[PDB]
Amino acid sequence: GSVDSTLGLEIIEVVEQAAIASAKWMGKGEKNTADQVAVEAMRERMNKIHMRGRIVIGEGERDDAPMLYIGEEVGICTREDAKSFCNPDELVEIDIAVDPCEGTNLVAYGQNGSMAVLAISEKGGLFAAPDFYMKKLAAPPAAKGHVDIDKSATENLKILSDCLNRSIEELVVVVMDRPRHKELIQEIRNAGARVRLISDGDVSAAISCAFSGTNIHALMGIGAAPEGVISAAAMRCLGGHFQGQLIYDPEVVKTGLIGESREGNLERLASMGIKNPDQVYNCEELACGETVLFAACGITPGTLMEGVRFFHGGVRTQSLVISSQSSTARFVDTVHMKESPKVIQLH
């Protein structure tokens, strides 16, 4: 069969529950608990779906991460005892990329920009990125294919200028506040563009480029690779620009392991089946399948989505769900009515 049309809706509840869980730890100074409860909620809700999924991006390798590890099977239809209950569409093998708590320290500190997020494609349709750093360029649909990761920041800004029909001074670039980004940040400033420095969470940033209204027009710089794939899934559905390139030279940025060399990482990467380490991937290559689904729900408030709010009588969440199948981008504002609220606010 083919990826069940219905899955594109069902993931709403996946990211919603994971975000609600993690959001209870907002500002409580426990990034690992914030992460853990989101992992658990996401895993529980996924296992209630009639699907046949494999984690290809997640919390770690099988023996580092107990839940949502790479290779893990999730979905009612992965159980031999239950397979008989699944229809042919539900039995289609799909690959899943999860990030139950994007911005664990954002949550721990109660700062903006965190979310519970996942992407899905049929088997093989999502790049199973290693836990390496990744050089990224995200930009809006109007700049897609025009800007390019190999060009300088200065040139890309000029191109964005022409594509978005506005001055460089009327552009905003998001860059992670990291020592690895000093020269880059300086270059963008000298070119005339405004900047947002973020402490964490460059999935939100990348995707914010797609929507006129966010006052964010590009993401430049190095973040984490698994995150990049998840971002690219959103951007491929939205027609947004997203390119990535693995960084493995510890001179540029370091993972922190006591290794710790370009040769060593090159060795690990080769043995992971990555033939060209310096390869540039466009958005269609990082998320390559025939069907791509993406779901995010805000934990703390952010550019695309409101944060989780707890009030007398319930919870309110905001999610963004994108499906290449229905070709839709849905914002879902959910009032979770917990104990018969006497007042229900419109917004």
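Numbers for residues come from their place in the sequence shown, where the first is 1.
- Of the two segments, 129-137 and 208-216, the one listed with the higher mean B-factor is 129-137 (C-alpha atoms only).
- A summary of the deposited B-factors shows that, of 85-93 and 104-112, the stretch with the larger mean C-alpha value is 85-93.
- Out of 163, 119, 193, 266, the entry records its largest CA B-factor for 266.
- As recorded in the PDB entry, 270 shows the highest C-alpha B-factor of the residues 270, 98, 174, 149.
- When the modelled residues of the chain are ordered by C-alpha B-factor, residue 158 sits in the middle third.
- Residue-level temperature factors show residue 330 in the lowest third of its chain, judged at the C-alpha atom.
- Residue 75: CA B factor in the lowest third of modelled residues in this chain (values from the PDB entry).
- In the PDB entry, residue 316 places in the lowest third of its chain by CA B-factor.
- The deposited CA B-factor of residue 274 belongs to the highest third of values across its chain.
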